[PDB]
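Undergrad: CSV, C-alpha atoms and all ligand atoms, saved as coords.csv, coming up:
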chain,number,residue,atom,x,y,z
R,2,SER,CA,2.7,15.1,8.9
R,3,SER,CA,-0.1,16.6,6.5
R,4,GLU,CA,2.5,19.0,5.2
R,5,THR,CA,4.9,16.2,4.2
R,6,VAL,CA,4.9,15.0,0.6
R,7,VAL,CA,7.5,12.3,-0.3
R,8,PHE,CA,8.9,11.6,-3.8
R,9,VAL,CA,10.3,8.1,-4.4
R,10,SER,CA,12.4,7.5,-7.6
R,11,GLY,CA,12.1,4.1,-9.2
R,12,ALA,CA,8.9,3.2,-7.3
R,13,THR,CA,8.3,-0.1,-9.0
R,14,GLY,CA,11.6,-1.8,-7.7
R,15,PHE,CA,11.9,-4.2,-4.8
R,16,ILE,CA,13.0,-1.9,-2.0
R,17,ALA,CA,11.1,1.0,-3.4
R,18,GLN,CA,7.7,-0.8,-3.4
R,19,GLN,CA,8.3,-1.7,0.2
R,20,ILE,CA,9.1,2.0,0.9
R,21,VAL,CA,6.0,3.1,-0.9
R,22,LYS,CA,3.9,0.5,1.1
R,23,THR,CA,5.5,1.7,4.4
R,24,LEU,CA,4.8,5.4,3.5
R,25,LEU,CA,1.2,4.7,2.6
R,26,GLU,CA,0.7,2.6,5.7
R,27,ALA,CA,2.0,5.6,7.7
R,28,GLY,CA,-0.4,7.9,5.8
R,29,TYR,CA,2.2,10.0,3.8
R,30,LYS,CA,1.3,11.6,0.5
R,31,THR,CA,3.6,9.8,-1.9
R,32,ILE,CA,4.7,10.5,-5.5
R,33,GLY,CA,6.5,7.6,-7.3
R,34,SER,CA,8.7,7.9,-10.4
R,35,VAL,CA,8.1,5.1,-12.9
R,36,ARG,CA,9.4,4.3,-16.4
R,37,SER,CA,6.1,3.9,-18.1
R,38,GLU,CA,2.4,4.6,-17.8
R,39,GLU,CA,1.6,0.9,-17.5
R,40,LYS,CA,4.1,0.5,-14.7
R,41,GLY,CA,2.4,3.4,-12.9
R,42,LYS,CA,-1.1,2.0,-13.4
R,43,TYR,CA,0.2,-1.5,-12.3
R,44,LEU,CA,1.6,-0.1,-9.0
R,45,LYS,CA,-1.6,1.9,-8.4
R,46,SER,CA,-3.6,-1.3,-8.8
R,47,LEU,CA,-1.4,-3.2,-6.4
R,48,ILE,CA,-1.9,-0.5,-3.8
R,49,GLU,CA,-5.7,-0.5,-4.3
R,50,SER,CA,-5.9,-4.3,-4.1
R,51,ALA,CA,-3.9,-4.2,-0.8
R,52,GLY,CA,-6.6,-2.1,0.7
R,53,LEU,CA,-4.4,1.0,1.1
R,54,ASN,CA,-5.6,4.6,0.4
R,55,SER,CA,-4.6,4.9,-3.3
R,56,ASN,CA,-5.5,8.5,-3.3
R,57,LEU,CA,-2.3,8.9,-1.3
R,58,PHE,CA,-0.2,7.7,-4.3
R,59,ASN,CA,0.5,9.3,-7.6
R,60,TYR,CA,3.1,8.6,-10.2
R,61,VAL,CA,5.2,10.5,-12.6
R,62,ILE,CA,6.9,9.1,-15.7
R,63,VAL,CA,10.7,9.3,-15.7
R,64,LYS,CA,11.8,7.0,-18.5
R,65,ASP,CA,15.5,7.2,-17.8
R,66,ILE,CA,17.1,8.7,-14.6
R,67,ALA,CA,20.4,9.0,-16.6
R,68,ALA,CA,18.9,11.5,-19.0
R,69,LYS,CA,19.9,15.1,-18.2
R,70,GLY,CA,17.0,17.0,-16.7
R,71,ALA,CA,15.2,13.7,-16.0
R,72,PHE,CA,13.3,14.8,-12.9
R,73,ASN,CA,12.7,18.4,-14.0
R,74,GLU,CA,9.1,18.1,-15.3
R,75,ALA,CA,8.1,15.8,-12.4
R,76,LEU,CA,9.2,18.3,-9.7
R,77,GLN,CA,7.7,21.2,-11.7
R,78,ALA,CA,4.3,19.5,-11.6
R,79,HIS,CA,4.8,18.7,-7.9
R,80,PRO,CA,6.1,21.8,-6.1
R,81,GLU,CA,4.6,20.4,-2.9
R,82,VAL,CA,7.4,17.8,-2.5
R,83,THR,CA,9.3,18.2,0.7
R,84,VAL,CA,11.2,14.9,0.8
R,85,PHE,CA,13.0,13.2,-2.1
R,86,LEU,CA,13.9,9.5,-1.7
R,87,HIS,CA,16.4,8.7,-4.5
R,88,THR,CA,16.3,4.9,-4.7
R,89,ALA,CA,16.5,4.2,-8.4
R,90,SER,CA,19.7,2.5,-9.6
R,91,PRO,CA,20.7,-0.5,-11.7
R,92,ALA,CA,21.0,-3.4,-9.2
R,93,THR,CA,21.9,-6.4,-11.4
R,94,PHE,CA,24.9,-8.3,-12.8
R,95,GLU,CA,22.8,-9.0,-16.0
R,96,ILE,CA,24.8,-6.3,-17.8
R,97,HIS,CA,27.8,-6.4,-20.2
R,98,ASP,CA,29.4,-2.9,-20.1
R,99,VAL,CA,30.1,-1.8,-16.5
R,100,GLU,CA,30.8,1.8,-17.4
R,101,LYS,CA,27.8,2.4,-19.6
R,102,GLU,CA,25.2,0.3,-17.8
R,103,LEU,CA,26.2,0.7,-14.1
R,104,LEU,CA,28.6,3.6,-13.4
R,105,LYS,CA,27.1,6.5,-15.3
R,106,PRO,CA,23.4,5.6,-14.9
R,107,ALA,CA,24.0,5.4,-11.2
R,108,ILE,CA,26.3,8.5,-11.0
R,109,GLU,CA,24.5,10.7,-13.6
R,110,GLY,CA,21.1,9.5,-12.5
R,111,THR,CA,22.1,10.8,-9.0
R,112,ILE,CA,23.7,14.1,-10.2
R,113,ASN,CA,20.6,14.7,-12.4
R,114,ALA,CA,18.2,14.1,-9.5
R,115,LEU,CA,20.2,16.5,-7.3
R,116,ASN,CA,20.2,19.2,-10.0
R,117,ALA,CA,16.5,18.7,-10.5
R,118,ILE,CA,15.9,19.0,-6.7
R,119,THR,CA,18.0,22.1,-6.4
R,120,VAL,CA,16.4,23.9,-9.3
R,121,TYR,CA,12.8,22.7,-9.3
R,122,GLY,CA,12.4,21.2,-5.9
R,123,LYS,CA,12.2,24.5,-4.0
R,124,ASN,CA,10.4,23.0,-1.0
R,125,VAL,CA,12.5,19.9,-0.7
R,126,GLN,CA,13.9,19.9,2.9
R,127,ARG,CA,15.4,16.4,3.0
R,128,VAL,CA,17.0,14.1,0.4
R,129,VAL,CA,17.5,10.4,1.2
R,130,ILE,CA,20.0,8.5,-1.0
R,131,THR,CA,19.8,4.7,-1.1
R,132,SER,CA,23.4,3.8,-1.1
R,133,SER,CA,24.9,0.5,0.0
R,134,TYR,CA,27.1,-1.3,2.4
R,135,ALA,CA,29.2,-1.8,-0.7
R,136,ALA,CA,30.3,1.9,-0.3
R,137,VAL,CA,31.3,1.1,3.3
R,138,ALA,CA,33.5,-2.0,3.3
R,139,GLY,CA,36.1,-3.3,0.9
R,140,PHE,CA,35.6,-6.4,-1.3
R,141,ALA,CA,37.7,-9.1,-3.0
R,142,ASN,CA,41.3,-7.8,-3.2
R,143,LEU,CA,40.3,-4.9,-0.9
R,144,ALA,CA,38.5,-7.0,1.7
R,145,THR,CA,39.6,-6.3,5.3
R,146,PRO,CA,38.6,-9.5,7.1
R,147,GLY,CA,38.3,-9.1,10.8
R,148,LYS,CA,38.6,-5.3,10.6
R,149,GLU,CA,35.9,-3.1,12.1
R,150,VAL,CA,33.8,-1.0,9.8
R,151,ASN,CA,31.2,1.5,10.9
R,152,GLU,CA,29.1,4.4,9.5
R,153,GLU,CA,32.2,6.4,8.7
R,154,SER,CA,34.1,3.7,6.8
R,155,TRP,CA,34.7,3.8,3.0
R,156,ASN,CA,35.4,1.2,0.4
R,157,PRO,CA,38.7,2.2,-1.1
R,158,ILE,CA,37.9,0.8,-4.6
R,159,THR,CA,39.0,3.0,-7.4
R,160,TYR,CA,37.0,3.9,-10.5
R,161,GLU,CA,39.3,1.8,-12.7
R,162,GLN,CA,39.0,-1.2,-10.3
R,163,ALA,CA,35.2,-1.0,-10.6
R,164,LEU,CA,35.5,-1.7,-14.3
R,165,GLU,CA,37.0,-5.2,-13.8
R,166,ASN,CA,33.7,-7.2,-13.6
R,167,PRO,CA,30.0,-6.7,-13.0
R,168,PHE,CA,30.1,-7.4,-9.2
R,169,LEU,CA,32.9,-4.9,-8.7
R,170,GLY,CA,31.2,-2.5,-11.1
R,171,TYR,CA,28.0,-2.5,-9.0
R,172,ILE,CA,30.0,-2.0,-5.9
R,173,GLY,CA,31.9,0.9,-7.5
R,174,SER,CA,28.6,2.3,-8.9
R,175,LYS,CA,27.3,2.7,-5.3
R,176,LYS,CA,30.5,4.1,-3.8
R,177,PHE,CA,30.9,6.7,-6.6
R,178,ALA,CA,27.3,7.6,-6.8
R,179,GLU,CA,27.5,8.3,-3.0
R,180,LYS,CA,30.7,10.3,-3.4
R,181,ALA,CA,28.9,12.3,-6.1
R,182,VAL,CA,26.3,13.4,-3.6
R,183,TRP,CA,28.9,14.5,-1.0
R,184,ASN,CA,30.8,16.4,-3.8
R,185,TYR,CA,27.5,18.0,-4.9
R,186,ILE,CA,26.8,19.2,-1.4
R,187,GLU,CA,30.3,20.7,-1.2
R,188,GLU,CA,30.1,22.5,-4.6
R,189,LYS,CA,26.5,23.6,-4.8
R,190,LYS,CA,25.8,24.1,-1.0
R,191,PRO,CA,22.1,23.3,-1.3
R,192,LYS,CA,19.5,24.3,1.3
R,193,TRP,CA,18.2,20.7,1.7
R,194,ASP,CA,19.8,18.2,4.1
R,195,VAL,CA,21.0,14.7,3.1
R,196,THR,CA,20.9,11.3,4.7
R,197,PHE,CA,22.2,8.0,3.2
R,198,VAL,CA,20.8,4.6,3.8
R,199,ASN,CA,23.5,1.9,3.3
R,200,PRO,CA,22.0,-1.7,3.2
R,201,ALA,CA,23.8,-4.9,3.1
R,202,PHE,CA,22.2,-7.9,1.2
R,203,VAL,CA,18.5,-7.1,1.3
R,204,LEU,CA,16.3,-10.1,1.8
R,205,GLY,CA,12.6,-10.5,2.3
R,206,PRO,CA,9.1,-10.6,0.7
R,207,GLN,CA,7.9,-8.4,-2.1
R,208,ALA,CA,5.7,-5.5,-1.0
R,209,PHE,CA,2.6,-6.6,-2.9
R,210,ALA,CA,3.2,-9.3,-5.5
R,211,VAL,CA,5.7,-11.7,-6.9
R,212,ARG,CA,5.6,-10.9,-10.6
R,213,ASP,CA,7.5,-14.0,-11.7
R,214,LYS,CA,8.2,-16.8,-9.1
R,215,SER,CA,11.0,-18.1,-11.3
R,216,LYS,CA,13.2,-15.0,-10.9
R,217,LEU,CA,13.1,-12.4,-8.1
R,218,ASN,CA,15.2,-9.2,-7.7
R,219,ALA,CA,18.9,-9.9,-7.6
R,220,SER,CA,19.5,-10.0,-3.8
R,221,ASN,CA,16.6,-12.3,-3.2
R,222,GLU,CA,17.9,-14.8,-5.7
R,223,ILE,CA,20.2,-15.8,-2.9
R,224,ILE,CA,17.1,-17.5,-1.5
R,225,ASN,CA,15.2,-18.3,-4.7
R,226,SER,CA,18.1,-20.0,-6.5
R,227,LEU,CA,18.0,-22.6,-3.8
R,228,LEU,CA,14.3,-23.2,-4.6
R,229,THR,CA,14.6,-23.2,-8.4
R,230,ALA,CA,17.7,-25.4,-8.7
R,231,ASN,CA,15.6,-28.6,-8.6
R,232,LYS,CA,13.8,-27.6,-11.8
R,233,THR,CA,16.5,-25.6,-13.6
R,234,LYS,CA,19.4,-28.0,-12.7
R,235,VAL,CA,21.5,-24.9,-12.2
R,236,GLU,CA,24.0,-25.3,-9.3
R,237,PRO,CA,23.3,-22.4,-6.9
R,238,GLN,CA,26.2,-20.1,-6.2
R,239,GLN,CA,26.9,-19.7,-2.5
R,240,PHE,CA,27.3,-16.4,-0.7
R,241,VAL,CA,28.4,-15.0,2.6
R,242,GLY,CA,28.0,-11.5,4.1
R,243,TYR,CA,25.5,-9.5,6.1
R,244,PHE,CA,21.8,-9.4,5.5
R,245,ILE,CA,19.0,-7.0,6.3
R,246,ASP,CA,15.3,-7.5,5.8
R,247,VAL,CA,13.7,-5.2,3.2
R,248,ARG,CA,11.0,-4.0,5.7
R,249,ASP,CA,13.7,-2.7,8.0
R,250,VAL,CA,15.4,-0.9,5.0
R,251,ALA,CA,12.0,0.6,4.2
R,252,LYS,CA,11.4,1.8,7.7
R,253,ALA,CA,14.9,3.2,7.8
R,254,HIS,CA,14.1,5.4,4.9
R,255,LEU,CA,11.2,7.0,6.9
R,256,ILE,CA,13.4,7.4,9.9
R,257,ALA,CA,16.0,9.1,7.6
R,258,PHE,CA,13.7,12.0,6.9
R,259,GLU,CA,11.7,12.0,10.1
R,260,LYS,CA,14.5,12.4,12.6
R,261,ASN,CA,17.0,15.3,12.9
R,262,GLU,CA,20.0,13.2,14.1
R,263,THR,CA,20.0,11.5,10.7
R,264,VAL,CA,21.1,14.7,8.9
R,265,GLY,CA,24.5,14.0,7.2
R,266,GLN,CA,24.5,10.4,8.5
R,267,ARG,CA,25.1,7.1,6.7
R,268,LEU,CA,22.7,4.6,8.2
R,269,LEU,CA,24.4,1.2,8.0
R,270,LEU,CA,21.5,-1.2,7.4
R,271,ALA,CA,23.0,-4.6,8.3
R,272,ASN,CA,21.5,-7.0,10.8
R,273,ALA,CA,23.6,-10.2,11.1
R,274,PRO,CA,25.9,-12.5,9.1
R,275,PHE,CA,24.4,-15.0,6.8
R,276,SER,CA,25.5,-17.7,4.4
R,277,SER,CA,23.7,-19.6,1.6
R,278,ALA,CA,24.0,-22.8,3.6
R,279,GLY,CA,22.5,-21.2,6.7
R,280,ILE,CA,19.5,-20.0,4.6
R,281,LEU,CA,19.2,-23.5,3.2
R,282,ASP,CA,19.1,-24.8,6.8
R,283,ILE,CA,16.2,-22.5,7.6
R,284,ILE,CA,14.3,-23.5,4.5
R,285,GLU,CA,14.5,-27.2,5.1
R,286,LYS,CA,13.5,-27.0,8.7
R,287,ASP,CA,10.7,-24.5,8.2
R,288,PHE,CA,9.3,-26.0,5.0
R,289,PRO,CA,9.6,-29.8,5.1
R,290,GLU,CA,7.4,-30.0,2.0
R,291,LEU,CA,10.5,-28.7,0.2
R,292,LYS,CA,13.4,-30.9,1.5
R,293,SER,CA,12.7,-33.2,-1.4
R,294,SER,CA,13.7,-30.5,-3.8
R,295,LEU,CA,16.5,-28.6,-2.1
R,296,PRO,CA,20.1,-28.9,-3.5
R,297,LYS,CA,23.0,-30.5,-1.9
R,298,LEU,CA,25.5,-27.7,-1.4
R,299,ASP,CA,29.1,-28.5,-2.0
R,300,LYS,CA,30.8,-27.3,1.2
R,301,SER,CA,34.0,-26.8,-0.8
R,302,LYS,CA,32.3,-24.1,-2.9
R,303,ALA,CA,31.1,-22.1,0.1
R,304,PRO,CA,32.7,-18.7,1.0
R,305,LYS,CA,33.9,-18.6,4.6
R,306,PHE,CA,32.9,-15.5,6.5
R,307,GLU,CA,36.2,-15.0,8.4
R,308,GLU,CA,38.1,-15.1,5.1
R,309,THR,CA,36.6,-12.0,3.6
R,310,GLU,CA,34.1,-10.1,5.8
R,311,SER,CA,34.8,-7.0,7.9
R,312,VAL,CA,33.2,-6.7,11.4
R,313,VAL,CA,30.3,-4.3,11.4
R,314,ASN,CA,29.8,-1.9,14.2
R,315,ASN,CA,26.5,-0.1,13.5
R,316,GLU,CA,25.5,0.6,17.1
R,317,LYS,CA,25.0,4.3,16.1
R,318,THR,CA,22.6,3.3,13.3
R,319,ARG,CA,20.8,0.9,15.6
R,320,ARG,CA,20.3,3.6,18.3
R,321,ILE,CA,19.1,6.2,15.8
R,322,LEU,CA,16.6,3.8,14.1
R,323,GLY,CA,15.3,2.7,17.5
R,324,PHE,CA,13.5,-0.5,16.4
R,325,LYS,CA,14.4,-4.2,16.6
R,326,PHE,CA,15.4,-5.7,13.2
R,327,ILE,CA,13.8,-8.7,11.7
R,328,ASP,CA,16.0,-11.8,12.0
R,329,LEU,CA,17.1,-14.1,9.2
R,330,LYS,CA,14.6,-16.9,10.0
R,331,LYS,CA,11.6,-14.5,9.7
R,332,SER,CA,13.1,-12.9,6.6
R,333,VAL,CA,13.6,-16.2,4.8
R,334,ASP,CA,10.2,-17.6,6.0
R,335,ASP,CA,8.3,-14.6,4.7
R,336,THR,CA,10.2,-14.7,1.4
R,337,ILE,CA,9.4,-18.4,0.9
R,338,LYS,CA,5.8,-18.1,2.0
R,339,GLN,CA,5.2,-15.9,-1.1
R,340,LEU,CA,6.9,-18.6,-3.3
R,341,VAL,CA,5.5,-21.8,-1.9
I,401,LIG,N1,18.8,-5.3,-3.0
I,401,LIG,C1,20.0,-5.1,-2.3
I,401,LIG,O1,20.5,-6.1,-1.7
I,401,LIG,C2,20.5,-3.7,-2.2
I,401,LIG,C3,20.0,-2.7,-3.0
I,401,LIG,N2,20.5,-1.4,-2.9
I,401,LIG,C4,19.9,-0.3,-3.7
I,401,LIG,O2,18.5,-0.3,-3.6
I,401,LIG,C5,18.0,0.3,-4.8
I,401,LIG,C6,16.9,-0.6,-5.4
I,401,LIG,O3,17.5,-1.8,-5.5
I,401,LIG,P1,16.4,-3.1,-5.6
I,401,LIG,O4,15.0,-2.6,-5.3
I,401,LIG,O5,17.1,-4.2,-4.8
I,401,LIG,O6,16.7,-3.6,-7.1
I,401,LIG,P2,15.4,-3.5,-8.2
I,401,LIG,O7,16.0,-4.1,-9.4
I,401,LIG,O8,14.3,-4.3,-7.6
I,401,LIG,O9,14.8,-2.0,-8.4
I,401,LIG,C7,15.6,-1.4,-9.3
I,401,LIG,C8,14.9,-0.1,-9.7
I,401,LIG,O10,15.7,0.9,-10.4
I,401,LIG,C9,14.9,1.3,-11.6
I,401,LIG,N3,15.8,1.7,-12.6
I,401,LIG,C10,17.1,1.2,-13.0
I,401,LIG,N4,17.7,1.8,-14.0
I,401,LIG,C11,16.8,2.9,-14.3
I,401,LIG,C12,16.8,3.9,-15.2
I,401,LIG,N5,17.9,4.1,-16.1
I,401,LIG,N6,15.8,4.8,-15.3
I,401,LIG,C13,14.8,4.6,-14.4
I,401,LIG,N7,14.6,3.7,-13.5
I,401,LIG,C14,15.6,2.8,-13.4
I,401,LIG,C15,14.1,0.0,-12.0
I,401,LIG,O11,13.1,0.5,-12.8
I,401,LIG,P3,11.9,-0.7,-13.4
I,401,LIG,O12,11.1,-1.1,-12.1
I,401,LIG,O13,11.2,0.2,-14.4
I,401,LIG,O14,12.9,-1.7,-13.9
I,401,LIG,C16,13.6,-0.4,-10.6
I,401,LIG,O15,12.5,0.3,-10.1
I,401,LIG,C17,19.2,0.5,-5.8
I,401,LIG,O16,19.7,1.8,-5.6
I,401,LIG,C18,20.2,-0.6,-5.2
I,401,LIG,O17,21.5,-0.3,-5.5
I,401,LIG,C19,21.5,-1.1,-1.9
I,401,LIG,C20,22.1,-2.1,-1.2
I,401,LIG,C21,21.7,-3.5,-1.3
What does this structure look like when you write it as structure tokens?
Ligand SMILES: NC(=O)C1=CN([C@@H]2O[C@H](COP(=O)(O)OP(=O)(O)OC[C@H]3O[C@@H](n4cnc5c(N)ncnc54)[C@H](OP(=O)(O)O)[C@@H]3O)[C@@H](O)[C@H]2O)C=CC1
TA:
Amino acid sequence: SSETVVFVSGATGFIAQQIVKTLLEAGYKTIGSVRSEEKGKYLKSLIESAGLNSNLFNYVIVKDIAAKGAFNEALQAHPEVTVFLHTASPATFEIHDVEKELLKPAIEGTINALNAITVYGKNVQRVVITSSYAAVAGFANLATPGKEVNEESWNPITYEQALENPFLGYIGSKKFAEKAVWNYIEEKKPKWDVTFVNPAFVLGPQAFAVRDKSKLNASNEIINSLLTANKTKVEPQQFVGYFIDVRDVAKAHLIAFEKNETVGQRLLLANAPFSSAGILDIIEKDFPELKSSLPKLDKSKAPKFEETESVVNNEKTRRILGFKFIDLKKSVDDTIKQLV
């Protein structure tokens, strides 16, 4: 343990802050990449206010993961890094050019991190890539409803199909960033081992603080848009799929470098099906002070699970992780409790 030093790219993001929190709670020396000095100081202050050992956390400034050589200076300054958690990637549909704002920042950010690790991360033994269930199952025209998917399945979406719209663009960004790692391992044959963490829709509370209660990270807006509709008058879009709580995703990233069976594995981080209506049901029962303000969901606008969703078999992932997942009710409750 004392010899382990974990680097986390994009440390201010939703999942990454929970990873950083989980690492510090476990006592790991942690180095977080951030886009600015003020973002680094902000995260250090959150860590200190939470009562954690902030001497365990340092930050490096990496303004743009997409820039060639992005992580070079950081790893040069930190030759003690033995684990690299590459989590940073655009996770938003608030973009206009898929290719410029999703594909290449994801793909080249990832290729640049790997080149930086191989050249300046001489002590890195384990690399963990935050991928996505998006790389595992097909979507929209490529949906395979009722077909089993598991840790070995791939989304067949082509590069050109990813260009169609921002949702498919994000999906393709994850599939092709992941393919880029596998191809890098084949071509460069690095000495480090790789593990992938592939989460479905990630729900749950922020690690330390809600910056702006009006708008959370993109996946948690599935919850928050039900809360803010009363004020914004914006009809909430309804979703169906699989969910996972952010704290299980964060724990999975530690398992990913702590265990030997995870080498070369894609950990499929999916708990159970969800729908927007089912989340609304949890909210109205668990927070009666909110039923006054919750929207009336048009059942005709609701995606039906059986029409689109593959059937996840992640028994292997579940065995390797070895802990019980947080269920949807707790995940939603804990998210709301930070907003109410
Ligand atoms: N949330 C989900 O449901 C899922 C998320 N994922 C993956 O998890 C990871 C984090 O997602 P999440 O935490 O949800 O989303 P967030 O938007 O909360 O975090 C995104 C992070 O990426 C950083 N980032 C984006 N572009 C750049 C760039 N060009 N240079 C440097 N930093 C950059 C942001 O930096 P800053 O903080 O400075 O903006 C932020 O830290 C992503 O790889 C995402 O694809 C995978 C499956 C599902």
Undergrad: Output the neighbourhood of ligand LIG 401 (chain I) as a ChimeraX atom specification, that is, all protein and nucleic acid residues with some atom at most 9 Å from the ligand, counting only C-alpha atoms and all ligand atoms.
TA: /R:10-19,34-37,40,63-68,71,87-93,102-103,106-107,110,130-135,171-172,174-175,198-204,217-221,244-245,247,270
Undergrad: Can you measure CA of residue 120 (chain R) to CA of residue 259 (chain R) for me? One decimal in Å is fine.
TA: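 So the two atoms, CA of residue 120 (chain R) and CA of residue 259 (chain R), lie 23.2 Å apart.
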Undergrad: I need the residue nearest residue 85 (chain R) from this list: R:165, R:194, R:328, R:109. Use all atoms listed in the file for the distance.
TA: R:194
Undergrad: Would you list the contacts of residue 21 (chain R) as a PyMOL selection string, taking every protein, DNA or RNA residue within 12 Å and counting only C-alpha atoms, but skipping same-chain residues closer than 5 positions in sequence?
TA: chain R and resi 7-16+26-34+44-45+47-48+53-55+57-60+86+88+207-209+248+250-252+254-255
Undergrad: Give me, please, the distance in Å between CA of residue 170 (chain R) and CA of residue 141 (chain R), quoted to one decimal.
TA: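 Between CA of residue 170 (chain R) and CA of residue 141 (chain R) the gap is 12.3 Å.
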Undergrad: What's the 10 Å shell around residue 142 (chain R), counting only C-alpha atoms, without same-chain residues fewer than 2 positions away, as a PDB file with C-alpha atoms, in the frame of the given file?
TA:
ATOM      1  CA  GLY R 139      36.100  -3.300   0.900  1.00  0.00           C
ATOM      2  CA  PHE R 140      35.600  -6.400  -1.300  1.00  0.00           C
ATOM      3  CA  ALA R 144      38.500  -7.000   1.700  1.00  0.00           C
ATOM      4  CA  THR R 145      39.600  -6.300   5.300  1.00  0.00           C
ATOM      5  CA  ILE R 158      37.900   0.800  -4.600  1.00  0.00           C
ATOM      6  CA  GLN R 162      39.000  -1.200 -10.300  1.00  0.00           C
ATOM      7  CA  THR R 309      36.600 -12.000   3.600  1.00  0.00           C
TER       8      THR R 309
END
Undergrad: Mind pulling up the distance from CA of residue 337 (chain R) to CA of residue 296 (chain R)?
TA: 15.6 Å
Undergrad: Between R:318, R:125, R:340, R:156, which is the closest to residue 216 (chain R) once you count only C-alpha atoms?
TA: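 When distances to residue 216 (chain R) are compared using only C-alpha atoms, the smallest one comes from R:340.
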Undergrad: Given the choices R:116, R:332, R:233, R:226, which gets closest to residue 185 (chain R) if the distance is worked out from all atoms listed in the file?
TA: R:116
Undergrad: Check the smallest atom-to-atom distance from each of R:260, R:148, R:192, R:330 to residue 280 (chain R) using only C-alpha atoms, then report the winner.
TA: R:330
Undergrad: Between R:108, R:230, R:118, R:62, which residue has the minimum interatomic distance to residue 82 (chain R), considering only C-alpha atoms?
TA: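 Looking only at the distances to residue 82 (chain R), the closest residue turns out to be R:118.
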Undergrad: Return as lines of an AutoDock Vina configuration file the centre and edge lengths, in Å with one decimal, of the box along x, y and z that encloses every atom of region 133-139 of chain R in the file, padded by 6 Å per side.
TA:
center_x = 30.5
center_y = -0.7
center_z = 1.3
size_x = 23.2
size_y = 17.2
size_z = 16.0
Undergrad: Measuring atom to atom with all atoms listed in the file, identify which of R:336, R:294, R:124, R:184 is nearest to residue 206 (chain R).
TA: R:336
